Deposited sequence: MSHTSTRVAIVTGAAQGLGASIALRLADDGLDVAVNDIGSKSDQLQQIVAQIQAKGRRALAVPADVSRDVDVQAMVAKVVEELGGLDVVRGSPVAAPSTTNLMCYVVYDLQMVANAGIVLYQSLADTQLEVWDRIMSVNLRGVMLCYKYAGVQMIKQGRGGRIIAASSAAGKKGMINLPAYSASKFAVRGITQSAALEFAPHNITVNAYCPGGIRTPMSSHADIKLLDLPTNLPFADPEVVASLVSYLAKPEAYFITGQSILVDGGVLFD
């Protein structure tokens, strides 16, 4: 009766810290990233198995409908889905004056479309199981206050909040919460280790966090307030 998590963009940084914290929390974990970080994904898998948990690498492009559907199906087959962390994202700096559609669409394809497809296939699987669930996406400080030279990035992280609130309403009758984290300075502003984001995701993923839904929470050391 062990709960199962998927973490996307989990080869390093925030995603790896979230995956290893959920494993420490007692969850079995499937880690996703792009194919080229397959070796790093295997390292994360071995560290989760060293904690006595079950683990699976699921390389996939989260911007592709078929990839995300197959990724959730492979996790259901292998691990037996209670938490989805839609963490994959890219940051590119490019002014609006200098905006190239291929940068604009690439940011939207991973940061927003990827989140939507993870929200949809996790939700559909959790509705099927009838035991509720936890859906959590990476927003950003840039999703609460737009940033100079990050128009595409800012647009994509505001959009994550919009679909989080819409999804939280749609999935509430099935006892699935949908929340987002908005990190600030993660390694003169405050800065912190990625553990502080893993700590927040860990809390939102818990059974006792069932009454928090549609929320986007700032973990930035008090730079923005909501």
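Gaps in the coordinates relative to the deposited sequence fall at 1-4, 85-108, 216-231.
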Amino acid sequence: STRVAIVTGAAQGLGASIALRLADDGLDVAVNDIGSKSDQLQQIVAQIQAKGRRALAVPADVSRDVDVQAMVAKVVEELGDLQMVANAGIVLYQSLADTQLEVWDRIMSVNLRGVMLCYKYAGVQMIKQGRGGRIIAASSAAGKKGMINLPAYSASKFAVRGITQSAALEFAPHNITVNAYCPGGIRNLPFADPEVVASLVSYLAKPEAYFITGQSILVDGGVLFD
From here on, numbers count along this sequence of modelled residues.
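Of the two segments, 204-212 and 7-15, the one listed with the higher mean B-factor is 7-15 (C-alpha atoms only). The deposited model assigns a higher average Cα B-factor to 53-61 than to the other stretch when 175-183 and 53-61 are compared.
Out of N87, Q129, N149, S154, it is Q129 whose C-alpha atom has the highest B-factor in the PDB entry. Annotation for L101, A141, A122, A137: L101 ranks highest, by Cα B-factor. Sort the modelled residues of the chain by CA B factor and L79 lands in the highest third.
Among all modelled residues in this chain, the alpha-carbon of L224 has a temperature factor (C-alpha) in the middle third. In this PDB entry, the Cα temperature factor of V72 sits in the bottom third of its chain's modelled residues, the lowest group.
Among all modelled residues in its chain, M108 ranks in the highest third by Cα B-factor.
When the CA B factors of the chain's modelled residues are split into thirds, the value for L27 lands in the middle one.
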